[PDB]
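*Asks:* Let me begin by handing over the structure; questions about it come next.
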Amino acid sequence: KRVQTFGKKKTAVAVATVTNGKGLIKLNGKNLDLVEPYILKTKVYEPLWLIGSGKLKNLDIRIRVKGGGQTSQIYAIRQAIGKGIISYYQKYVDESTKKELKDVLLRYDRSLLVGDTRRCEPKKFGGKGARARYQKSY
Amino acid sequence: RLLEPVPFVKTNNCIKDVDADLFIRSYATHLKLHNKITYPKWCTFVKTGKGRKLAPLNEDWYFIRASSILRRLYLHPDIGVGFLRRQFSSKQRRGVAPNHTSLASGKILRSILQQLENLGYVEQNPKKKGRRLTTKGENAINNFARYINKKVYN
Amino acid sequence: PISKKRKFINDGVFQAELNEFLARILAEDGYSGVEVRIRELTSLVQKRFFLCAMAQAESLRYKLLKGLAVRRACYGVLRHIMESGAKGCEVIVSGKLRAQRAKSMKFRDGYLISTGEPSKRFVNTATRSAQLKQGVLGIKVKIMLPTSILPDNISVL
Amino acid sequence: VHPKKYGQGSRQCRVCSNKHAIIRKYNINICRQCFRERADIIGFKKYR
Amino acid sequence: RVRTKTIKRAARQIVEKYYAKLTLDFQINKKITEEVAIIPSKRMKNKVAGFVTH
Amino acid sequence: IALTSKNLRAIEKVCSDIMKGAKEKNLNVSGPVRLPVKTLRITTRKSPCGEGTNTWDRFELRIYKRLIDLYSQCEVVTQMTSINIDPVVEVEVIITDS
Amino acid sequence: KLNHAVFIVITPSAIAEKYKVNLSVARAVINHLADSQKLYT
Amino acid sequence: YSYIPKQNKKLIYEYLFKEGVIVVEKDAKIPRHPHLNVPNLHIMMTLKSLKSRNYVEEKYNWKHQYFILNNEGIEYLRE
RNA sequence: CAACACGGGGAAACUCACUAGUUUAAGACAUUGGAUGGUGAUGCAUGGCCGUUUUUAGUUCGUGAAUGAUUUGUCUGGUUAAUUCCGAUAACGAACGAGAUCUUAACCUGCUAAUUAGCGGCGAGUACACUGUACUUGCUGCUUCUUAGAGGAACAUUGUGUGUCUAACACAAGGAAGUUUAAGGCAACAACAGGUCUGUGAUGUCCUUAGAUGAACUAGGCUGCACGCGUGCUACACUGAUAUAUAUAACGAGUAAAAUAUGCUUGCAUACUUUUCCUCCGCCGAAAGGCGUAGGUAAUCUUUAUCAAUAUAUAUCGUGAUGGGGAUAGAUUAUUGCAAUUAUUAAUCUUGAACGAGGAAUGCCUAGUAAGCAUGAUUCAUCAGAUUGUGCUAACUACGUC
């Protein structure tokens with residue numbers, strides 16, 4: 001049927017909806033390629049290349065990305081696709097197959113599975129930066 | 001360049017299925033060729049917005065502006081002039097003073113919107129507050145989007 | 001008509017004025033709450049609007065003001081505070097103190113914590129101005145109350 | 001007299017009548033030094 | 001990093017009154033400290049349980 | 001009823017008491033709706049005067065809003081609420097037919 | 001100082017190096033030859 | 001000049017007797033009291049004098065006087 | 001240092017104390033005497049609050065012991081973020097500080113919950129395919145994601161090394177998280193004649209009080225300039241400028257004066273409307289900006305499944321004080337205000353200075369930081385190059401030593 005999940009890097013959130021379909025993937029109303037930077041494009045195609053083209057051919061994927069900037073969105077998308085594929089195989093397909101798939105993703109990178117939790121250190125008075133200070137002089 | 005190998009299934013049914021720029025340039029070129037919307041003459045002497053602080057310096061830009069606006073209208077179905085002014089805003093170097101974004105010139109925007117509206121592309125309503133896209137335009141934009149997608153792809 | 005943000009600030013400011021107004025009035029008694037004697041005060045505020053640290057400190061300044069010896073008064077108050085079951089107490093007196101050079105004098109007893117949120121949680125604190133002949137004396141009282149629990153203590157029966 | 005209902009001389013602290021350093025955010029109308037004396041009972045607690 | 005007097009002292013007191021129940025698992029020890037001790041913070045209870053386990 | 005306060009624990013106590021009160025009488029409540037917390041933050045210079053280092057403290061007034069829509073006779077629910085509140089909880093009317 | 005002019009690897013720098021041309025003129029030569037930076041033929 | 005009408009003085013005295021108390025408010029360029037449509041400067045002048053004669057006591061808090069009559073004052077004001 | 005974008009001090013007026021002057025009574029009381037007020041004098045008379053000492057790790061007692069001030073306890077050593085622990089040990093036992101507590105931010109409860117949040121369910125079209133996909137109006141199980149309550153979760157857990165093998169550390173693994181998970185907040189004792197009476201109706205004394213240092217009004221001035229020193233801003237170009245296009249952010253913040261009618265005469269007086277805050281939106285304006293309207297007292301409207309700029313892509317220059325650089329000046333029409341000249345601010349055309357990577361010197365900084373890029377808020381009638389928040393773009397170099 002359908003499973004819904006997310007990815008979260010910095011202040012970005014990317015919701016992934018993994019349903020029964022044919023291999024159509026959209027990002028909001030718009031096709032998956034239409035995200036712009038060619039270098040970071042490859043990062044979002046990266047899980048498709050680790051898993052081949054057959055697995056997506058049974059499933060349609062819809063993605064909703066809100067918040068955060070450019071780099072943050074790309075990682076959140078990458079993370080959400082990961083979390084989506086693996087979660088769908090745990091509810092619907094098969095736990096052993098899912099474990100094999102999870103092993104392939106883990107073997108490549110843990111960043112796909114679970115987002116980096118780095119976030120801002122607050123500004124503190126006495127300087128423009130988070131820790132940086134005004135120039136002192138004698 | 002424009003074509004690349006793809007690892008998923010494209011749909012090609014809408015403007016949301018094709019890259020902004022190719023659609024925009026072709027539609028702008030088509031619009032000027034057809035001659036549906038005027039230049040108009042006074043528009044060559046003014047700037048797009050104050051962040052430019054220079055002439056627009058690119059000749060065919062008015063058709064491009066119309067083309068982008070039309071696309072924005074399919075993207076976001078209810079908007080007014082302020083949305084456009086904010087959209088086309090960019091940064092203004094204030095000389096010694098810091099930068100700020102500064103809004104796009106509203107007459108040229110207002111005129112484009114009005115010409116499209118006259119030609120049945122876009123529509124002022126109370127049911128949805130501002131300008132929306134309207135039916136002759138919706139059909140044309142969708143169809144032109146298909147025509148371009150096929151023509152570019154193979 | 002007004003917003004919730006506006007409502008909350010006005011409520012707070014009204015409290016602050018009333019608190020200072022209680023301070024101007026309340027030299028004739030201790031502390032016995034407020035009602036949300038009473039006829040005139042109610043009339044004024046309605047006309048306008050349409051162990052206890054404060055008590056100990058108020059008592060202490062009245063004793064000091066009456067010109068009783070400073071040590072005797074401090075000791076009397078401190079001993080009374082401890083008598084009332086205080087886990088600790090500190091009374092500070094600042095200003096001229098029978099000389100032409102200003103000074104302070106500390107009178108501490110008991111645990112009397114000072115660091116972190118247990119300090120805010122268990123210590124009640126009070127400031128009082130005693131005007132005497134050559135200017136003003138500052139009373140600052142700190143009382144550490146009966147305790148919930150004090151977080152450091154760990155023990156087993 | 002010739003007051004103005006705008007600008008610096010138009011207004012003053014609700015508690016102390018200083019013309020300077022007044023918080024008009026949220027319409028408090030109190031000077032910041034006075035505000036520090038009242039800051040707990042109004043509800044503007046410190047945390048982080 | 002280490003453990004302060006309050007922690008160590010408590011750690012010694014537990015065992016003193018409950019050695020027989022206490023055992024070589026941290027989670028079981030933590031369960032025992034939660035039952036026995038009067039400590040008000042999670043982090044502190046865990047810290048005591050860890051040191052009693054040690 | 002809609003409950004607005006600057007005391008979390010007081011609002012929570014009110015929430016539980018009206019919830020129990022209603023559930024005796026089988027009344028239709030739509031389960032506690034916690035609104036986004038608004039904080040009134042004031043950023044204050046320390047020292048009444050300039051001297052010494054520039055040192056700031058950041059004050060926060062955190063206001064709690066919570067919401068329950070209810071289908072019943074008004075009078076009993078307001079009377080149950082109004083007597084059970086502490087005055088730090090500000091109670092406002094909301095009512096439905098379903 | 002410039003000493004490059006109008007008349008007589010497809011990078012602009014290579015063309016400028018080989019024929020001693022300004023980079024807009026180097027670009028003009030590239031465009032003529034063929035019939036910011038991006039994939040090559 | 002700066003006269004205060006005989007009726008106005010009587011009304012201020014009467015108000016003070018009727019209530020028992022008056023919240024004058026310190027500022028003098030505010031034109032009326034909410035419950036007396038009387039020049040605040042005049043009310044302030046008479047209260048200052050009355051306190052000086054010792055028939056009315058003021059507590060005072062920021063911007064507000066809080067005047068309560070002495071018992072001798074309460075009797076005196078009637079005539 | 002611990003003064004010098006500090007006195008929230010971004011002063012057109014007022015603010016204001018000052019300069020040139022002009023007024024006023026707002027001189028209580030029992031004419032007369034008599035005060036009251038004072039951004040007047042005194043922080044080396046003082047209260048309060050705050051800075052430093054110092055956010056380091058220090059400080060103190062009971063009893064004991066060693067003519068006295070005193071010293072021991074509170075230490076050769078190991079260890080640590082830490083008079084933190086261990087260990088030794090004429091001291092044993094304590095207490096405050098510190099840790100701890102508290103606020104955020106970090107992860108999980110398929111429990112707790114659905115409004116002004118989402119998600120589906122389902123009608124209905126518009127569009128394309130093709131035995132669904134995109135797009136809008138109407139009704140209405142779910143709670144994964146939006147929100148926020150309660151509660152869980154790490155203790156160095158396991159393994160391996162080093163360590164009196166003691167306190168403990170090191171590495172690897174596990175794990176949402178391993179530098180007490182990251183960040184704050186809180187601030188002992190004893191000080192400093194540190195700072196503040198220009199925050200206070202906190203306040204002593206000393207001064208002053210109708211030819212006032214009170215209150216108040218008009219100008220002028222705090223911004224002037226042979227010249228010396230701070231903190232910032234903007235640059236010196238091609239990993240760039242210029243011009244189009246595309247993508248995409250978080251914290252927020254928002255309500256006794258205006259206008260129409262009447263009586264007197266456009267002036268004055270009175271009534272009525274509904275007026276001051278955010279502006280969507282529709283018209284008009286090159287632009288500034290205007291006019292007309294609409295919703296918002298706010299998870300509801302401004303506005304947010306999108307409000308920024310650095311992004312990135314495609315064009316145009318083509319290294320030349322150059323189309324770099326925007327100081328400087330000249331001419332404008334707007335906008336705020338009683339008042340804009342010493343150009344308030346705004347746009348528009350023209351005008352085109354130094355500056356070729358900075359001597360001697362000297363500052364900040366260790367991971368979502370630094371740097372770069374913005375932006376919200378504070379003051380605000382009007383005024384960010386300031387401060388304070390907040391994000392996005394995400395480096396270098398260790399990971400230690402005296």
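Just so we're on the same page: first chain in the structure tokens is A, next is B, and so on; residues restart at 1 for each chain, and ligands are numbered from 1 in the order they show up.
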Which residues of chain I have any atom within 8 Å of an atom in chain G when counting only C-alpha atoms (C1' of nucleotides), and what is the closest pair of atoms for each, with the distance in Å to one decimal? Order the rows by chain and rising number and write it as JSON lines.

*Replies:*
{"residue": "I:314", "atom": "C1'", "partner": "G:36", "partner_atom": "CA", "distance": 7.4}
{"residue": "I:317", "atom": "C1'", "partner": "G:24", "partner_atom": "CA", "distance": 7.7}
{"residue": "I:318", "atom": "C1'", "partner": "G:23", "partner_atom": "CA", "distance": 5.3}
{"residue": "I:320", "atom": "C1'", "partner": "G:1", "partner_atom": "CA", "distance": 6.2}

*Asks:* Quick one: residues within 9 Å of residue 28 of chain F, only C-alpha atoms (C1' of nucleotides), excluding same-chain residues fewer than 5 positions away - as a list in words?

*Replies:*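 Contacts, in chain order: residues 22, 23, 69, 70, 71, 72 and 98 of chain F.
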
*Asks:* Write to file, as a compact mmCIF listing (two decimals), in the first residue's frame, the residues of the selection just made, with N, CA, C and O atoms.

*Replies:*
# COMPACT_ATOMS: atom_id res chain seq x y z
N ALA F 22 -16.09 16.51 32.94
CA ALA F 22 -16.81 16.18 31.74
C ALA F 22 -17.11 14.70 31.55
O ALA F 22 -18.24 14.32 31.25
N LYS F 23 -16.09 13.84 31.72
CA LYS F 23 -16.16 12.40 31.50
C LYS F 23 -17.10 11.63 32.42
O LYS F 23 -17.68 10.62 32.02
N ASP F 69 -12.96 22.42 22.77
CA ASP F 69 -14.29 22.69 22.27
C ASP F 69 -15.29 21.70 22.90
O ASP F 69 -14.97 20.52 23.05
N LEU F 70 -16.48 22.16 23.34
CA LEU F 70 -17.39 21.33 24.12
C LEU F 70 -18.85 21.55 23.74
O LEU F 70 -19.31 22.68 23.56
N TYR F 71 -19.63 20.45 23.59
CA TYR F 71 -21.07 20.43 23.35
C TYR F 71 -21.83 20.07 24.62
O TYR F 71 -21.90 18.91 25.03
N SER F 72 -22.44 21.06 25.28
CA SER F 72 -23.25 20.83 26.45
C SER F 72 -23.99 22.12 26.74
O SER F 72 -23.82 23.11 26.03
N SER F 98 -21.70 19.75 17.95
CA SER F 98 -21.17 18.42 17.68
C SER F 98 -19.62 18.49 17.58
O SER F 98 -19.09 19.20 16.69

*Asks:* So that I can see what lies close to segment 119-134 of chain A, please list as an MDAnalysis selection string the residues with an atom at most 12 Å from it, counting only C-alpha atoms (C1' of nucleotides) and leaving out residues fewer than 6 positions away in the same chain.

*Replies:* (chainID A and resid 8:12 68 72) or (chainID D and resid 48) or (chainID F and resid 43:46 53:58) or (chainID I and resid 5 104:106 182:184 231:232 250:251 363:371 386:392 394)

*Asks:* Which of chain C counts as strand (DSSP E) under DSSP, as a ChimeraX atom specification please?

*Replies:* /C:88-95,103-110,123-132,135-144

*Asks:* Could you write out as a PyMOL selection string the residues of chain G within 10 Å of chain B, counting only C-alpha atoms?

*Replies:* chain G and resi 38-40

*Asks:* For those residues, write N, CA, C and O atoms to a file as a compact mmCIF listing (two decimals), in the first residue's frame.

*Replies:*
# COMPACT_ATOMS: atom_id res chain seq x y z
N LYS G 38 31.67 24.96 -19.55
CA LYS G 38 30.76 23.84 -19.74
C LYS G 38 31.38 22.75 -20.61
O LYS G 38 32.49 22.89 -21.11
N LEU G 39 30.68 21.60 -20.77
CA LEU G 39 31.20 20.40 -21.42
C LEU G 39 31.63 20.59 -22.88
O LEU G 39 31.05 21.37 -23.64
N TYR G 40 32.70 19.87 -23.29
CA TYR G 40 33.38 20.06 -24.56
C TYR G 40 33.02 19.03 -25.63
O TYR G 40 32.49 17.95 -25.35

*Asks:* Kindly determine which residues of chain D lie within 7 Å of chain I, considering only C-alpha atoms (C1' of nucleotides), and give the answer as an MDAnalysis selection string.

*Replies:* chainID D and resid 1 6:9 16 18 21 33:34 47:48

*Asks:* Using Å and a single decimal, report how far atom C1' of residue 40 of chain I sits from atom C1' of residue 25 of chain I.

*Replies:* 20.8 Å

*Asks:* Compute the set of chain A residues within 12 Å of chain B, using only C-alpha atoms, and express it as a ChimeraX atom specification.

*Replies:* /A:21-36,38,41-42,44-61

*Asks:* Based on the selection just made, write C-alpha atoms of those residues as a tab-separated table (two decimals), in the first residue's frame.

*Replies:*
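Saved result, out.tsv, follows:
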chain	number	residue	atom	x	y	z
A	21	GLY	CA	3.18	2.12	-8.49
A	22	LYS	CA	5.44	1.97	-11.49
A	23	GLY	CA	8.65	4.03	-10.85
A	24	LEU	CA	7.37	7.60	-11.08
A	25	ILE	CA	9.12	9.93	-8.60
A	26	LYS	CA	8.06	13.51	-7.91
A	27	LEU	CA	9.33	16.33	-5.67
A	28	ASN	CA	6.34	18.52	-4.82
A	29	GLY	CA	4.41	18.86	-8.14
A	30	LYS	CA	7.59	18.53	-10.12
A	31	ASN	CA	9.77	15.71	-11.55
A	32	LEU	CA	12.82	14.48	-9.61
A	33	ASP	CA	15.55	15.90	-11.93
A	34	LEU	CA	14.30	19.50	-11.56
A	35	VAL	CA	16.23	20.29	-8.30
A	36	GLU	CA	19.10	22.20	-10.02
A	38	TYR	CA	24.38	19.02	-11.02
A	41	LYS	CA	21.87	16.01	-8.11
A	42	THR	CA	24.11	12.91	-8.15
A	44	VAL	CA	20.01	12.30	-4.62
A	45	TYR	CA	20.29	9.79	-7.48
A	46	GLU	CA	22.92	7.91	-5.36
A	47	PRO	CA	20.40	5.54	-3.52
A	48	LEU	CA	18.86	4.57	-6.90
A	49	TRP	CA	22.33	3.58	-8.17
A	50	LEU	CA	23.11	1.59	-5.00
A	51	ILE	CA	19.79	-0.35	-5.28
A	52	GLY	CA	19.42	-0.75	-9.12
A	53	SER	CA	16.31	0.14	-11.17
A	54	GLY	CA	14.07	-2.89	-10.52
A	55	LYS	CA	13.10	-2.12	-6.93
A	56	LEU	CA	11.60	1.29	-7.74
A	57	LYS	CA	9.76	-0.15	-10.79
A	58	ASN	CA	7.05	-1.60	-8.50
A	59	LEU	CA	6.68	1.62	-6.47
A	60	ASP	CA	5.74	5.30	-6.99
A	61	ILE	CA	7.46	7.83	-4.75

*Asks:* How many Å separate atom CA of residue 141 of chain C from atom CA of residue 106 of chain C?

*Replies:* 10.2 Å

*Asks:* Between atom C1' of residue 349 of chain I and atom CA of residue 47 of chain B, what is the distance, to one decimal in Å?

*Replies:*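 Rounded to one decimal, the two atoms are 12.9 Å apart.
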
*Asks:* From the list D:32, D:25, D:4, D:11, which residue is nearest chain C when using only C-alpha atoms?

*Replies:* D:25

*Asks:* Show me, as a PyMOL selection string, the residues that have an atom within 10 Å of segment 68-84 of chain C when counting only C-alpha atoms (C1' of nucleotides), minus same-chain residues fewer than 3 positions from it.

*Replies:* chain C and resi 51-53+56-57+59-65+87-93+97-98+105-110+141+143-145

*Asks:* Could you list, as number ranges by chain, every residue of chain F that has an atom within 7 Å of an atom of chain I, counting only C-alpha atoms (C1' of nucleotides)?

*Replies:* F: 31-36, 45-53

*Asks:* Residues of the last selection are to be written out with N, CA and C atoms, as a CSV table (one decimal), in the first residue's frame.

*Replies:*
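Saved the output as part-v5.csv:
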chain,number,residue,atom,x,y,z
F,31,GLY,N,-10.0,16.5,22.2
F,31,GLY,CA,-8.9,16.3,23.2
F,31,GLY,C,-7.9,17.4,23.3
F,32,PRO,N,-7.4,17.8,24.5
F,32,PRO,CA,-6.7,19.0,24.7
F,32,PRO,C,-5.8,19.6,23.6
F,33,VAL,N,-6.2,20.8,23.1
F,33,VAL,CA,-5.4,21.3,22.0
F,33,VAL,C,-4.4,22.3,22.5
F,34,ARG,N,-3.2,21.9,22.5
F,34,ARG,CA,-2.1,22.7,22.9
F,34,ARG,C,-1.6,23.6,21.8
F,35,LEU,N,-1.7,25.0,22.0
F,35,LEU,CA,-1.3,25.9,20.9
F,35,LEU,C,0.2,26.1,21.0
F,36,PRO,N,0.9,26.4,19.9
F,36,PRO,CA,2.2,26.8,19.9
F,36,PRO,C,2.5,27.9,21.0
F,45,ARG,N,20.1,45.3,28.7
F,45,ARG,CA,21.4,45.6,29.2
F,45,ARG,C,21.5,45.5,30.8
F,46,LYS,N,22.5,44.9,31.3
F,46,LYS,CA,22.8,44.9,32.7
F,46,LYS,C,23.6,46.2,33.1
F,47,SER,N,23.5,46.6,34.3
F,47,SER,CA,24.0,47.9,34.8
F,47,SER,C,23.1,49.0,34.4
F,48,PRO,N,22.8,49.9,35.3
F,48,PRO,CA,21.9,51.1,35.0
F,48,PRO,C,22.7,52.1,34.2
F,49,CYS,N,24.0,51.9,34.1
F,49,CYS,CA,24.9,52.9,33.6
F,49,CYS,C,25.9,52.2,32.7
F,50,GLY,N,26.8,52.8,32.0
F,50,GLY,CA,27.5,52.2,30.9
F,50,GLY,C,28.7,51.3,31.3
F,51,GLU,N,29.5,51.9,32.2
F,51,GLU,CA,30.7,51.4,32.7
F,51,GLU,C,30.8,50.0,33.2
F,52,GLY,N,32.0,49.4,33.1
F,52,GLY,CA,32.1,48.0,33.0
F,52,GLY,C,31.8,47.5,31.6
F,53,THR,N,32.0,46.2,31.4
F,53,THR,CA,31.8,45.5,30.1
F,53,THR,C,30.4,45.5,29.7

*Asks:* Show me, as a ChimeraX atom specification, the residues that have an atom within 6 Å of segment 37-49 of chain E when counting only C-alpha atoms (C1' of nucleotides), minus same-chain residues fewer than 5 positions from it.

*Replies:* /E:7,11,29-30 /I:155

*Asks:* Keeping only N, CA and C atoms (P, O5', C5', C4', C3', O3' and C1' of nucleotides), take the residues you just selected and write them out as a PDB file, in the first residue's frame.

*Replies:*
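Once everything was written out, this is again.pdb:
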ATOM      1  N   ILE E   7      28.162  11.621  45.340  1.00  0.00           N
ATOM      2  CA  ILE E   7      27.978  10.404  44.581  1.00  0.00           C
ATOM      3  C   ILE E   7      28.638   9.196  45.217  1.00  0.00           C
ATOM      4  N   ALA E  11      26.957   5.918  46.959  1.00  0.00           N
ATOM      5  CA  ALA E  11      27.326   4.654  46.406  1.00  0.00           C
ATOM      6  C   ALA E  11      27.730   3.658  47.465  1.00  0.00           C
ATOM      7  N   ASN E  29      20.912  -2.928  38.893  1.00  0.00           N
ATOM      8  CA  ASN E  29      21.370  -2.008  39.913  1.00  0.00           C
ATOM      9  C   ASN E  29      20.616  -0.687  39.897  1.00  0.00           C
ATOM     10  N   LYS E  30      20.403  -0.114  38.708  1.00  0.00           N
ATOM     11  CA  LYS E  30      19.628   1.082  38.469  1.00  0.00           C
ATOM     12  C   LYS E  30      18.200   0.920  38.957  1.00  0.00           C
TER      13      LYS E  30
ATOM     14  P     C I 155      23.548   9.746  32.455  1.00  0.00           P
ATOM     15  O5'   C I 155      24.093   8.555  33.342  1.00  0.00           O
ATOM     16  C5'   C I 155      25.314   8.590  34.115  1.00  0.00           C
ATOM     17  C4'   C I 155      25.967   7.191  34.368  1.00  0.00           C
ATOM     18  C3'   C I 155      27.427   7.080  33.936  1.00  0.00           C
ATOM     19  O3'   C I 155      28.320   7.718  34.874  1.00  0.00           O
ATOM     20  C1'   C I 155      26.266   5.094  33.335  1.00  0.00           C
TER      21        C I 155
END

*Asks:* Which residues, written as a PyMOL selection string, have at least one atom at most 9 Å from residue 90 of chain B, with only C-alpha atoms (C1' of nucleotides) counted and residues fewer than 5 positions away on the same chain left out?

*Replies:* (chain B and resi 49-52+100-104) or (chain I and resi 309)
